[PDB]
């Protein structure tokens, strides 16, 4: 039984669509495929679902792009559904609009800018090689538990100066943030609240130990950037360090799983990457277009008409980022990976002032991953009749990816 809410007075019947972001219709065929079902040739640009507390969904890439770019009309004061979860959410600076957002983003960019990220290449490669070597001679692995959930977590915990043994407990908090348990808006709100508190509890001693510290880790570097001529306050520090961990640990893990399932079903594409190493390097952005993972929201600042649709102040609009990169109005044959695609425009990293601060790190992890994978395991396929298990929510997830190959 799905929890359902009545449409408010300003939502007309013809825009209503029953869409469950946390359990998409057709999800067993894939996350991307399930979102694609919503984007039909005649579907309105904005549709309203009675599920997950009642909210709008942007169904086309240009609205998604525009909403992300327009913080004055669509605020980050609530970026989750259901509303209860969005109100419990306390991460920084992702809860803030400009101008409050901008000193915190500048602080993060001190640690995460492209020139900083470039320095990490060989440490990332070393981690990738060590994991791949554990199974490359074997001719099979379950890619999810043996690589995708291992590689990005080891990379991030090392960068953040944290013990790898914390991976499990941080992964559990991350799940309840992005895929909160519950069958009610209030239950999901409560699950997110508990996860968010868990992050704060974990992060507090690290902030206390690393304020003015001399560690060269990511957390010490960012935490000690002044905000408006002063040390960053405790409340903001909790939200900020928690965000670093959430962003570092959930995203690349899930991205890698979707990407790899597709590659394992497209040997011709894998072979191109092998024959032309520059096609691989240059084609990574195409993979980001193709394997979006985030579906999050914005809060309507005032009563307005937007793309022919009446919106009320306080309305939540969900932005399924897959519906930008996979929009057939933005990209021909959008479900196909074309490494030579000249136009890869997407919102996988969102847009506007919150456009992913970790995007350089994400690109490098993936580039390194594919380079070291193809070096040791040039050819591979998904196990015959294997059925990956898919999850939808604010961040998509996938498990059960059994790969097979002839040891080279």
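Numbering follows the first chain given and starts at 1.
Visitor: Would you tell me which stretch averages the higher CA B-factor in the PDB entry, 144-152 or 230-238?
Guide: 230-238 has the higher mean C-alpha B-factor.
Visitor: Would 252-260 or 129-137 have the larger average of its C-alpha temperature factors, as given in the entry?
Guide: It is 129-137 that shows the higher mean C-alpha B-factor.
Visitor: Could you say which of 290, 331, 275, 307 has its CA atom at the highest B factor, as listed in the PDB entry?
Guide: Reading the PDB entry, the winner on C-alpha B-factor is 275.
Visitor: By the CA temperature factor listed in this entry, which of these ranks top: 75, 321, 214, 336?
Guide: The listed residue with the largest C-alpha B-factor is 214.
Visitor: Rank-wise, by C-alpha B-factor, drop residue 185 into the lowest, middle or highest third of its chain.
Guide: Answer is highest: the recorded C-alpha B-factor places it there.
Visitor: Quick check on the deposited entry: does the C-alpha B-factor of residue 391 sit in the lowest, middle or highest third of its chain?
Guide: Middle third - that is where residue 391 ends up once the chain's C-alpha B-factors are sorted.
Visitor: Using only modelled residues of the chain, where does the Cα B factor of residue 379 rank: lowest third, middle third or highest third?
Guide: Highest third, going by the recorded CA B-factors of the chain.
Visitor: Would you mind ranking residue 71 by its C-alpha B-factor against the rest of the chain and naming the third, lowest, middle or highest?
Guide: Middle third by C-alpha B-factor.
Visitor: Select lowest, middle or highest to describe the third in which the CA B-factor of residue 208 falls within its chain in this entry.
Guide: Tercile = highest for this residue's CA B-factor.
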